[PDB]
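Take a look at the structure below.
4 protein chains.
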Amino acid sequence: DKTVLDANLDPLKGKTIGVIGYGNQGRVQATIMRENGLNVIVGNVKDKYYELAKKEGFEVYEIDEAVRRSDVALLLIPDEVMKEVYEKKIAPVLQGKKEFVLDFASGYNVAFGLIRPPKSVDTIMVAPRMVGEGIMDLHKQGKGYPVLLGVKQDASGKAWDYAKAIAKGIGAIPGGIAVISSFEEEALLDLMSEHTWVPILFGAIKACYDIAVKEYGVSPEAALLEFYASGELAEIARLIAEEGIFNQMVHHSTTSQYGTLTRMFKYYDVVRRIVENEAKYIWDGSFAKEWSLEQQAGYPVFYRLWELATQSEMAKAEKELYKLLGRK
Amino acid sequence: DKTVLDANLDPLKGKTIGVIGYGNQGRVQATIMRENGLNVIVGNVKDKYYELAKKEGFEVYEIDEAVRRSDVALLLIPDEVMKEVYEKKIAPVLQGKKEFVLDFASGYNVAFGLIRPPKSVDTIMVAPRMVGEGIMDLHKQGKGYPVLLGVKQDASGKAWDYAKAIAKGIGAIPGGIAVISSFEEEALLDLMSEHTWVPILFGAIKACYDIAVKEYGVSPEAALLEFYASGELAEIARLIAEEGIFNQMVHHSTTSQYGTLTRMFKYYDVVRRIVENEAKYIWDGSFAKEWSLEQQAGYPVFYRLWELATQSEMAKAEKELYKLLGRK
Amino acid sequence: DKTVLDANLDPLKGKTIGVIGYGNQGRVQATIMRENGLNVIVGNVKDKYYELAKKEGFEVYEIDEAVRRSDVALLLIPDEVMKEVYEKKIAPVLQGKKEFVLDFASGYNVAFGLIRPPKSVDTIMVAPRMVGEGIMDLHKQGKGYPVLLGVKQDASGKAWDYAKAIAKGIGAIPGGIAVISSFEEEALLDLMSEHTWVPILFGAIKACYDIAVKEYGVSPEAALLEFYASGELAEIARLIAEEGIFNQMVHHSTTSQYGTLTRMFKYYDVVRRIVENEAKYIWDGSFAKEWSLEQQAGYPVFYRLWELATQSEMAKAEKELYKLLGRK
Amino acid sequence: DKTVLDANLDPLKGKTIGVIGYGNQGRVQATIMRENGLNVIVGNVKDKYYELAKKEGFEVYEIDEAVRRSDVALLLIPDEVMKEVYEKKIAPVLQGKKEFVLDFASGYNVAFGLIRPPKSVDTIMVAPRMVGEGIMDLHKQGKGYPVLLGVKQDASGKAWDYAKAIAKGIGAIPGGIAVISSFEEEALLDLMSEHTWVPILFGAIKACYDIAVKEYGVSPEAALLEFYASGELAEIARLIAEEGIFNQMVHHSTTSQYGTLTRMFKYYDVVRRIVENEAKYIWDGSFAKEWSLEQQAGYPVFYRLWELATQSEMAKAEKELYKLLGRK
Ligand SMILES: [Mg+2]
Ligand SMILES: [Mg+2]
Ligand SMILES: [Mg+2]
Ligand SMILES: [Mg+2]
């Protein structure tokens with residue numbers, strides 16, 4: 002199969018590396034690769050993070066100074082401000098380079114054309130699939146972890162080797178794995194999840210609550226206990242990842258199995274058409290445009306929805322309960 | 002009827018003219034009217050074009066400078082950057098004028114309100130209907146060529162006279178003609194063509210290819226030969242422009258005539274509905290809004306579509322083929 | 002893999018050939034193989050053409066006489082009269098043959114069963130993709146040109162060799178190419194083009210005109226200048242055939258590209274449905290029946306439509322105009 | 002204006018006329034114009050009509066012979082056999098003529114392209130609006146009567162004069178009138194009547210009968226008395242033709258007027274849609290195709306319908322009844 006389990010690490014010995022940002026991700030990658038025998042420098046503005054990184058032993062600079070010194074760079078910062086930074090400070094120095102390597106953690110700002118670097122550069126991609134904290138909690142066992150690879154522009158044929166060397170330098174492999182894919186094939190995923198089943202689930206829960214209350218005379222303090230106020234859900238999401246998704250149900254009763262399976266094979270089509278519509282809306286690039294426009298307006302909708310959701314009925318009752326049970 | 006065939010040229014003798022931009026159009030217009038007995042000056046930024054115009058015997062200044070010296074101006078540049086230019090350099094120098102004449106080549110940035118000059122100015126329109134190159138290939142025979150005229154604001158009653166004088170000064174008349182119309186009546190046209198039959202044609206071709214392949218087991222190397230890989234279309238367009246649209250078919254076989262006529266009179270309503278929808282969407286001004294917003298966003302959709310189209314199935318086969326026939 | 006570029010030519014040395022018809026095709030196809038070192042004889046009715054072919058150095062006989070002498074034949078005449086000819090003069094003289102070869106230029110009269118020759122005959126197909134005139138303009142460069150091959154009935158296992166030898170004998174190869182296919186896979190093509198995008202295009206243009214006029218108060222003398230009275234379509238088709246279909250647009254503006262691409266990916270479904278319907282209506286053979294019937298009636302619909310189309314407002318306006326521009 | 006009431010008659014004095022057919026129409030026009038000072042000859046096959054026509058004082062020849070002698074001709078025969086006749090006997094004798102005039106009584110076989118004479122000929126139309134018998138019953142009062150005129154092909158600028166002279170030579174004017182129109186504007190009419198209200202009326206009557214019987218227990222021997230077995234209808238049509246269509250109702254009772262007017266303004270749209278569909282089906286020429294094909298088959302549908310209609314229930318009841326009232 003395409004999968005990869007280990008590779009070399011030499012192309013990054015003899016060069017310097019410039020890490021951008023020192024948030025959750027930037028901190029981890031940086032340290033782990035300082036351990037693997039690499040020269041590392043950071044680029045960031047003088048703020049809280051700035052003091053935190055040097056303090057761990059690093060020689061911290063500002064951003065564009067960390068690039069003139071480097072032949073490689075890691076742009077580990079959010080996808081909402083990464084654009085502006087690339088045009089003001091980076092773009093000129095980048096133009097004034099000969100052979101560079103530029104890395105990302107997400108393909109949003111690239112796959113959709115919001116960033117179009119030159120052809121004198123080797124562009125790559127490296128995307129983990131961990132929340133960011135447990136990654137360290139696992140590396141201390143020598144464990145690896147999974148990632149996604151990809152490339153958009155190679156001018157030396159060495160892009161894949163560079164990417165594998167990177168994935169190795171961060172403890173992801175050996176021990177874990179790394180897949181080959183494109184940028185689109187990662188943004189598509191990181192969005193669909195945030196668009197199809199999370200909101201569907203939330204709305205289904207809210208609807209169960211509303212119906213149980215306003216049509217069957219049920220107490221608000223009860224529904225919550227069953228639906229999500231109890232950690233039964235976590236128990237499900239756990240056995241899912243460990244024992245499997247379907248084999249998980251073997252631990253529950255037969256009635257639950259029957260109802261679940263029937264109603265699952267019964268509603269599979271609606272969710273399918275929904276997912277189709279959303280994925281199509283994304284593939285073309287409308288959602289990026291929508292989000293950028295909303296940014297250009299002042300996040301009005303965001304405000305009103307963040308209001309409505311909290312000022313709903315379920316949220317209030319949840320408040321009294323969580324208080325009554327000590328839950329903060 | 003409305004049509005005009007020739008008029009005077011005296012109102013432009015005794016004045017100066019400022020031609021903005023020395024691209025395809027501006028170059029031609031200036032080169033021509035330098036011959037009809039007129040003094041001409043250019044305004045443009047110092048780049049490739051700047052060296053070319055002066056090289057041809059012109060005196061080249063900066064844009065704002067070329068206006069202080071002029072009582073007339075030709076704003077021959079794309080409709081995508083004209084706004085900022087007009088707002089920064091022109092607007093003040095124009096406020097500091099007494100009686101001016103401003104000319105365009107399209108009505109997009111005006112008809113839709115993206116430009117609202119003062120009332121101390123005569124605003125006009127002159128729109129050819131040629132690709133830009135053949136205009137020279139024809140003037141060398143002394144021929145004329147067709148144009149569209151219009152006016153948005155006149156404060157001296159001489160606007161139409163100025164417009165006719167201009168159309169004469171560029172060799173369009175006599176020999177060709179000139180029509181009277183508005184700005185809307187030109188943008189509407191220059192858009193509808195780009196919105197109704199070009200894309201319908203392209204999609205129909207693509208669909209014929211896809212169907213022929215994926216449902217009848219046909220070779221990709223064949224369909225192209227019939228549909229567009231052969232220059233049969235060029236002959237059709239030529240006979241259209243020269244002999245007539247319908248009379249053209251007299252040269253083809255009876256079977257083709259029958260099929261074409263029937264299937265045309267059969268599928269006329271659908272395209273009519275489509276065209277109605279699009280023209281209505283334009284008349285109000287939504288398309289301009291959409292385009293300006295996409296500009297403000299970063300042309301994501303443009304990028305993704307330019308990607309999909311090329312990464313299609315037909316394009317790859319056409320690429321394999323063009324290489325095979327020797328076609329570059 | 003599939004395509005062919007050159008082959009042998011020996012099977013046609015030691016044999017005679019009988020060319021039927023001396024119209025456009027028969028004229029070119031004959032001279033070239035006469036040059037390539039082949040004995041050639043023509044069969045045609047004694048009329049204008051009859052004098053032309055012999056005048057060029059040929060020995061002209063009558064059709065039935067040209068077959069008794071030949072072991073091979075080329076039936077290069079329209080698909081509307083071929084049936085009677087084959088049924089009256091050819092079939093009788095053909096029963097008393099032993100090893101014959103029969104060639105065509107189209108598969109209409111065969112693929113649809115309107116002709117069912119015997120089994121002692123080798124039936125083949127050769128279909129160029131050129132207007133018929135430029136083919137000779139190109140052969141003088143030693144060039145080749147495209148063709149489609151196919152077979153319906155082989156009683157000697159040598160049919161493909163004969164077809165390749167033929168294609169080589171008319172200058173199409175080497176220099177050009179030749180594809181292997183069936184009769185259907187050519188009739189389907191030569192029809193769909195005449196059924197799907199040509200009439201859709203014509204109707205869309207007509208509708209654009211009608212709408213622009215009768216709902217926005219536009220002048221008839223103007224719309225034409227934009228839509229087709231200018232040869233912009235010719236430039237589009239030329240760039241299509243030469244550089245590519247989509248890459249063609251790079252020479253246009255950005256607004257045009259955006260509108261075109263959007264409206265193309267927006268309507269792809271409707272035309273797909275249309276094309277499906279038409280291709281299905283053909284595959285089964287209904288259109289052939291329709292056309293064979295209309296002939297038995299007197300071409301009434303043909304007449305009425307040829308009338309309506311010409312007596313439309315657009316045609317009258319184009320007539321008033323083409324006069325005004327000197328166009329005959 | 003737009004109408005004619007009288008005109009000259011000299012262009013037809015000094016010439017001969019060939020009247021084809023001696024049926025109801027031809028007999029009348031011939032007998033008449035033999036009185037207005039014209040030399041007349043007939044062409045027809047030797048049968049009853051031939052003997053009758055030569056008995057009435059004419060000199061009779063054979064059709065083809067009657068044309069060599071004439072410079073004008075009247076083709077007064079049905080529209081179902083005219084084609085073969087024109088193609089066999091007339092066309093050959095007509096190619097060798099110099100300046101001819103050809104007249105019709107209906108535009109069916111022409112307007113639809115089933116006949117396409119040469120260009121050295123003057124083609125015209127003259128269509129009365131009478132059953133054929135009463136025309137003589139009226140002429141003997143010196144009256145005129147209505148006609149329709151038209152032209153398809155004039156090569157001498159004299160057709161209209163010829164047409165008026167003809168309309169005069171038959172006593173239709175003065176006393177009557179003559180209208181200007183085309184061939185289409187005559188066949189369209191002569192068909193619509195036979196397609197829209199005649200069959201609608203018949204079906205409505207049949208339906209009233211069926212409903213009255215099979216849902217309200219009525220006697221078959223009664224309904225007929227009311228619906229059409231009584232001549233009440235004839236009076237309505239007579240008053241229509243004489244006093245007017247709506248003023249007619251003044252003689253009936255109020256209740257009738259109210260119901261009629263209401264249900265008339267209530268059902269106007271449906272019949273309008275029907276008529277639109279039918280007129281459109283005609284204008285293009287599909288009905289002619291249909292009829293010619295049915296002719297080419299054996300008139301099966303005609304037979305089956307002539308059977309069904311007569312073998313209905315209403316017909317059997319009317320047969321039992323008419324016998325009971327002495328009606329043959
Ligand atoms: Mg995310
Ligand atoms: Mg344009
Ligand atoms: Mg063809
Ligand atoms: Mg009739």
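In the order they appear, the protein sequences are chains D, B, P and G. For the first sequence, the UniProt record's numbering begins at 2 and goes up steadily by one. For the second sequence, the UniProt record's numbering begins at 2 and goes up steadily by one. For the third sequence, the UniProt record's numbering begins at 2 and goes up steadily by one. For the fourth sequence, the UniProt record's numbering begins at 2 and goes up steadily by one. All C-beta atoms, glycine included, are put in the ideal place defined by N, C-alpha and C.
Beta bridge pairing from DSSP links D:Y62 with D:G44. Going by DSSP, D:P129 is part of the beta strand (DSSP E) stretching over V122 to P129.
A Cβ-Cβ separation of about 6 angstroms places G:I116 in contact with G:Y87 under the 8 angstroms criterion. Collapsing the DSSP output to three states places B:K267 in a helix.
Relative to P:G176, the option among P:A235, P:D191, P:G145 and P:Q312 whose CA is nearest is P:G145.
One Cα belongs to D:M137, the other to D:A67, and the distance between them is close to 25 angstroms. For D:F101, the three-state secondary structure derived from DSSP is strand.
Rounded to the nearest whole angstrom, the C-alpha separation of D:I18 and B:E227 is 55 angstroms. Annotation for G:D191 indicates a beta carbon within 7 angstroms of some heavy atom of ligand 4. Apart from the 5 residues on each side of it in sequence, P:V5 sits with its Cβ closer than 6 angstroms to the Cβ of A179 in its chain, given in chain order. Beta-bridge partners of D:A179 (DSSP): D:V5 and D:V148. What D:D270 touches in chain B, judged by beta-carbon distance under 8 angstroms, is nothing: the nearest beta carbon there is about 24 angstroms away. Check the Cα spacing between D:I174 and each of D:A8, D:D2 and D:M315: the tightest is with D:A8. Collapsing the DSSP output to three states places D:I33 in a helix. For B:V132, the closest alpha carbon among the candidates P:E57, P:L234 and P:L189 is that of P:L234. Listed by position along chain G, the residues whose Cβ is nearer than 7 angstroms to that of P:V152 form an empty set, because the closest Cβ is around 36 angstroms away. Sequence-distant partners of G:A316 (beyond 5 residues in either direction) whose C-beta falls short of 8 angstroms from its own C-beta, in its chain, are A310. Neighbours of D:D104 in chain B, taken as residues at a C-beta separation under 8 angstroms, are lacking, since the least C-beta distance is about 21 angstroms. Of all residues in the stretch 64-85 of chain B, those with a C-beta nearer than 9 angstroms to a C-beta of chain P are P79, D80 and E81, reading in chain order.
The alpha carbon of P:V61 has as its nearest neighbour, out of P:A92, P:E314 and P:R28, the alpha carbon of P:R28. Within 7 angstroms of the C-beta of P:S257 there is at least one heavy atom belonging to ligand 2. D:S313 has its CB no nearer than 7 angstroms to any heavy atom of ligand 2.
Residue nearest to P:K120 within the set P:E57, P:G24, P:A156 and P:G151 is P:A156 (criterion: CA-CA distance). Within the UniProt domain "KARI C-terminal knotted" (183-329) of chain D, the residues whose Cβ lies closer than 8 angstroms to some Cβ of chain B are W284, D285, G286, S287, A289, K290, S293, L294 and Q297, listed in chain order.
Residue-level contact by beta carbon fails for G:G24 and chain P, as no gap is shorter than 8 angstroms. When only Cα atoms are considered, D:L76 and D:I21 end up about 5 angstroms apart. For D:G114, at least one C-beta of chain B is nearer than 8 angstroms to its own C-beta. DSSP places D:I201 in the uninterrupted alpha helix (DSSP H) bounded by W198 to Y217. At a C-beta separation below 7 angstroms, B:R130 has these neighbours in chain P: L226, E227 and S231. With a cutoff of 7 angstroms, B:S254 counts as near ligand 3, since its C-beta is closer than that to a heavy atom of the ligand. Sequence-ordered contacts of the stretch 136-151 of chain P with chain B read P147 and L149 [C-beta pairs closer than 7 angstroms]. Looking at the DSSP output, P:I21 bridges to P:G44 and P:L76.
Taking 8 angstroms as the cut-off, the Cβ atoms of P:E187 and P:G286 do not count as close. Residue environment analysis places P:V272 among the buried positions, since at least 16 neighbouring C-beta atoms fall within 10 angstroms of its C-beta.
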